[PDB]
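Each remark here refers to the structure printed beneath this line.
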Amino acid sequence: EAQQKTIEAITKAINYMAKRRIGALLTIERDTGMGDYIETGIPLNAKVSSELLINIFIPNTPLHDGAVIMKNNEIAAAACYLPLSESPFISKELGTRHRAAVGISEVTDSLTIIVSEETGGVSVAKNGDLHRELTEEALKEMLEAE
Amino acid sequence: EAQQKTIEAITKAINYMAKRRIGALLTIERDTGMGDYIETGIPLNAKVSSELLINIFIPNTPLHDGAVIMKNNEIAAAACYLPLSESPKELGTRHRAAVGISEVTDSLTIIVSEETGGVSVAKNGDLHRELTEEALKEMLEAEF
């Protein structure tokens with residue numbers, strides 16, 4: 001329905017950034033209110049689009065430094081601050097975004113997508129779990145369920 | 001008087017983009033309808049902030065070529081097409097777009113030069129070149 005657009009929007013944004021290595025962190029809210037994490041960012045309350053998500057994460061842009069939070073079908077806020085996880089199961093040699101994605105997913109029902117800036121690998125984190133190196137069909141299948 | 005921020009936001013976007021010579025094209029709707037033009041762009045209906053404005057106009061991005069239009073404290077849309085002005089030279093495509101929309105509307109169009117980094121305004125068919133941070137600010141108090 002209106003689920004299809006907006007999944008399509010996210011996949012084409014994720015896939016675009018992947019080819020190029022741009023770090024991204026995007027969290028989709030569900031049943032656990034993230035209002036306290038939204039007020040740490042730049043508020044947009046903007047309508048979700050592939051072009052806008054690309055533009056939010058540009059390697060040194062103002063809005064790039066943190067996480068984009070999604071609520072409703074909108075970009076609630078960009079450049080948000082999440083809490084990190086002192087999990088040993090996060091492979092180091094990475095982090096920063098990866099430790100904030102699992103960090104937020106420990107405390108929330110949310111779903112977080114990460115693109116690594118070093119390699120271009122898409123990860124996802126739910127309920128404290130981090131799954132590295134996902135395929136395009138695996139991300140779409142993971143998202144469609146949401 | 002909570003529209004200072006918007007002025008503040010614009011003035012910061014433009015003043016940052018001027019010092020980096022980041023081309024830009026920003027029209028603010030005033031009383032005429034721009035809905036024709038808005039529909040031609042990527043809709044955002046976002047809140048106005050300097051950071052989102054600056055991000056829109058970064059050269060690599062898919063949002064930067066075109067004009068963003070503002071509708072009452074909100075970035076209504078980005079990458080919009082503005083009709084070019086047929087008139088008499090040696091200015092860019094960005095400046096021909098600014099004069100074109102200001103002949104058909106009462107909107108106030110700010111533009112930033114790729115080359116110079118100097119700030120311009122288009123209103124009622126006229127194009128004021130070479131503005132100052134404060135010149136633009138008082139000008140921008142075209143809202144009473």
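Following the order of the structure tokens, chains are lettered A, B, ..., residues in each are numbered from 1, and ligands are numbered from 1.
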
**Q.** Residue neighbourhood region 109-126 of chain B, 6 Å, only C-alpha atoms, exclusion window fewer than 3 positions, as a list in words
**A.**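 Here the answer would be residues 18, 21, 22, 23, 24, 25, 26, 27, 98, 99, 102, 103, 129, 130 and 131 of chain B.
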
Keeping N, CA, C and O atoms, export the residues of the selection given above as an mmCIF file, in the first residue's frame.
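What ended up in result06.cif:
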data_model
loop_
_atom_site.group_PDB
_atom_site.id
_atom_site.type_symbol
_atom_site.label_atom_id
_atom_site.label_comp_id
_atom_site.auth_asym_id
_atom_site.auth_seq_id
_atom_site.Cartn_x
_atom_site.Cartn_y
_atom_site.Cartn_z
ATOM 1 N N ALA B 18 27.778 30.839 0.676
ATOM 2 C CA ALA B 18 28.494 31.893 -0.034
ATOM 3 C C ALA B 18 29.996 31.765 0.171
ATOM 4 O O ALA B 18 30.777 31.951 -0.774
ATOM 5 N N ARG B 21 31.274 28.966 -1.871
ATOM 6 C CA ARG B 21 30.877 29.089 -3.272
ATOM 7 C C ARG B 21 30.076 27.868 -3.733
ATOM 8 O O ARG B 21 30.396 27.213 -4.727
ATOM 9 N N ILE B 22 29.011 27.572 -2.992
ATOM 10 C CA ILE B 22 28.111 26.460 -3.279
ATOM 11 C C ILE B 22 26.876 27.032 -3.959
ATOM 12 O O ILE B 22 26.070 27.707 -3.310
ATOM 13 N N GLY B 23 26.717 26.763 -5.254
ATOM 14 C CA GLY B 23 25.581 27.310 -5.976
ATOM 15 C C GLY B 23 24.270 26.950 -5.298
ATOM 16 O O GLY B 23 24.125 25.877 -4.709
ATOM 17 N N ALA B 24 23.309 27.869 -5.363
ATOM 18 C CA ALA B 24 22.035 27.626 -4.703
ATOM 19 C C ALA B 24 20.933 28.406 -5.402
ATOM 20 O O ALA B 24 21.193 29.338 -6.158
ATOM 21 N N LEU B 25 19.688 28.015 -5.124
ATOM 22 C CA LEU B 25 18.526 28.615 -5.778
ATOM 23 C C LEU B 25 17.305 28.381 -4.894
ATOM 24 O O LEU B 25 16.763 27.266 -4.874
ATOM 25 N N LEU B 26 16.869 29.442 -4.201
ATOM 26 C CA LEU B 26 15.857 29.368 -3.151
ATOM 27 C C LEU B 26 14.793 30.453 -3.352
ATOM 28 O O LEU B 26 15.137 31.635 -3.441
ATOM 29 N N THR B 27 13.556 30.051 -3.502
ATOM 30 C CA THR B 27 12.437 30.876 -3.728
ATOM 31 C C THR B 27 11.523 30.655 -2.614
ATOM 32 O O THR B 27 11.391 29.583 -2.173
ATOM 33 N N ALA B 98 16.062 32.491 -11.694
ATOM 34 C CA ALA B 98 15.612 33.381 -10.633
ATOM 35 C C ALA B 98 14.783 34.539 -11.189
ATOM 36 O O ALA B 98 13.758 34.927 -10.611
ATOM 37 N N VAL B 99 15.207 35.111 -12.312
ATOM 38 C CA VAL B 99 14.441 36.210 -12.873
ATOM 39 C C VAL B 99 13.141 35.698 -13.476
ATOM 40 O O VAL B 99 12.116 36.390 -13.455
ATOM 41 N N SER B 102 10.370 35.267 -10.886
ATOM 42 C CA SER B 102 9.956 36.502 -10.231
ATOM 43 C C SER B 102 9.111 37.400 -11.134
ATOM 44 O O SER B 102 8.490 38.344 -10.631
ATOM 45 N N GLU B 103 9.073 37.136 -12.443
ATOM 46 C CA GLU B 103 8.176 37.872 -13.332
ATOM 47 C C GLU B 103 6.754 37.331 -13.249
ATOM 48 O O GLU B 103 5.780 38.073 -13.439
ATOM 49 N N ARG B 129 22.300 42.278 -7.635
ATOM 50 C CA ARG B 129 23.546 41.531 -7.582
ATOM 51 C C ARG B 129 24.371 41.914 -6.359
ATOM 52 O O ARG B 129 24.186 42.965 -5.747
ATOM 53 N N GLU B 130 25.377 41.151 -6.016
ATOM 54 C CA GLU B 130 26.327 41.550 -4.999
ATOM 55 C C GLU B 130 25.901 42.025 -3.645
ATOM 56 O O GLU B 130 26.291 43.051 -3.215
ATOM 57 N N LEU B 131 25.076 41.281 -2.967
ATOM 58 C CA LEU B 131 24.608 41.649 -1.660
ATOM 59 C C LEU B 131 25.492 41.278 -0.519
ATOM 60 O O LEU B 131 26.330 40.468 -0.657
#

Q: Determine which residues of chain B sit within 6 Å of chain A, taking into account only C-alpha atoms, and present them as a list in words.
A: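 Using only C-alpha atoms, chain B residues at most 6 Å from chain A: residues 44, 45, 46, 47, 51, 61 and 62 of chain B.
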
Q) If you run DSSP on the backbone, which residues of chain A are strand (DSSP E or B), as number ranges by chain? A) A: 24-28, 42-47, 67-71, 74-80, 111-115, 122-126, 129-131

Q. Taking only C-alpha atoms into account, which of B:108, B:9, B:14, B:101 comes nearest residue 84 (chain B)?
A.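 For residue 84 (chain B), the nearest of the given residues is B:101.
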
How close does each residue of region 44-114 of chain A get to region 28-35 of chain A, giving the shortest atom pair and distance in Å to one decimal for every residue with an atom at most 6 Å away, counting only C-alpha atoms, sorted by chain and residue number, as a tab-separated table?
residue	atom	partner	partner_atom	distance
A:69	CA	A:28	CA	6.0
A:70	CA	A:28	CA	4.7
A:71	CA	A:29	CA	5.5
A:108	CA	A:32	CA	5.6
A:109	CA	A:32	CA	5.6
A:110	CA	A:29	CA	4.7
A:111	CA	A:28	CA	5.1

(Q) Based on the backbone DSSP call, show me all residues of region 5-128 of chain A assigned alpha helix (DSSP H), as JSON, numbers by chain. (A) {"A": [8, 9, 10, 11, 12, 13, 14, 15, 16, 17, 18, 19, 20, 35, 36, 37, 38, 50, 51, 52, 53, 54, 55, 56, 97, 98, 99, 100, 101, 102, 103, 104, 105, 106, 107]}

Q.
Would you compute the distance between CA of residue 121 (chain A) and CA of residue 4 (chain A)? Give it in Å to one decimal.
A.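 Separating CA of residue 121 (chain A) from CA of residue 4 (chain A) is a distance of 23.5 Å.
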
Q) So which one's closest to residue 145 (chain A), A:103, A:130, A:2, A:7? Using only C-alpha atoms, please. A)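 Under the stated criterion, the closest residue is A:7.
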
Q) Neighbours of residue 13 (chain A) within 7 Å (only C-alpha atoms; same-chain residues fewer than 2 positions away dropped), as a VMD selection string? A) chain A and resid 9 to 11 15 to 17 50 53 to 54

Got time to write the residues from that selection, N, CA and C atoms, as a PDB file, in the first residue's frame?
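part22.pdb, written as the output of this step:
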ATOM      1  N   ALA A   9      11.740   3.245  -1.328  1.00  0.00           N
ATOM      2  CA  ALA A   9      12.527   4.458  -1.084  1.00  0.00           C
ATOM      3  C   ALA A   9      13.747   4.134  -0.262  1.00  0.00           C
ATOM      4  N   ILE A  10      13.585   3.283   0.723  1.00  0.00           N
ATOM      5  CA  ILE A  10      14.702   2.952   1.606  1.00  0.00           C
ATOM      6  C   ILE A  10      15.693   2.035   0.904  1.00  0.00           C
ATOM      7  N   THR A  11      15.193   1.027   0.181  1.00  0.00           N
ATOM      8  CA  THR A  11      16.103   0.127  -0.516  1.00  0.00           C
ATOM      9  C   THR A  11      16.952   0.886  -1.530  1.00  0.00           C
ATOM     10  N   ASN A  15      20.856   0.950  -1.252  1.00  0.00           N
ATOM     11  CA  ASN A  15      21.655   0.392  -2.340  1.00  0.00           C
ATOM     12  C   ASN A  15      22.547   1.450  -2.982  1.00  0.00           C
ATOM     13  N   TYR A  16      22.079   2.644  -3.133  1.00  0.00           N
ATOM     14  CA  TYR A  16      22.922   3.657  -3.680  1.00  0.00           C
ATOM     15  C   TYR A  16      24.093   3.920  -2.839  1.00  0.00           C
ATOM     16  N   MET A  17      23.930   4.064  -1.543  1.00  0.00           N
ATOM     17  CA  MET A  17      25.061   4.380  -0.678  1.00  0.00           C
ATOM     18  C   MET A  17      26.041   3.230  -0.549  1.00  0.00           C
ATOM     19  N   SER A  50      13.986   8.604  -1.557  1.00  0.00           N
ATOM     20  CA  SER A  50      15.332   8.082  -1.784  1.00  0.00           C
ATOM     21  C   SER A  50      16.338   9.214  -1.936  1.00  0.00           C
ATOM     22  N   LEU A  53      17.111  10.806   1.577  1.00  0.00           N
ATOM     23  CA  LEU A  53      17.968   9.984   2.444  1.00  0.00           C
ATOM     24  C   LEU A  53      19.384  10.039   1.911  1.00  0.00           C
ATOM     25  N   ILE A  54      19.576   9.947   0.628  1.00  0.00           N
ATOM     26  CA  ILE A  54      20.943  10.077   0.123  1.00  0.00           C
ATOM     27  C   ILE A  54      21.558  11.379   0.604  1.00  0.00           C
TER      28      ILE A  54
END

**Q.** Computed interatomic separation between CA of residue 83 (chain B) and CA of residue 28 (chain B) (Å)
**A.**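 About the pair CA of residue 83 (chain B) and CA of residue 28 (chain B): they are 15.0 Å apart.
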
Q) So how far away is CA of residue 141 (chain A) from CA of residue 99 (chain A), in Å? A)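 About the pair CA of residue 99 (chain A) and CA of residue 141 (chain A): they are 23.6 Å apart.
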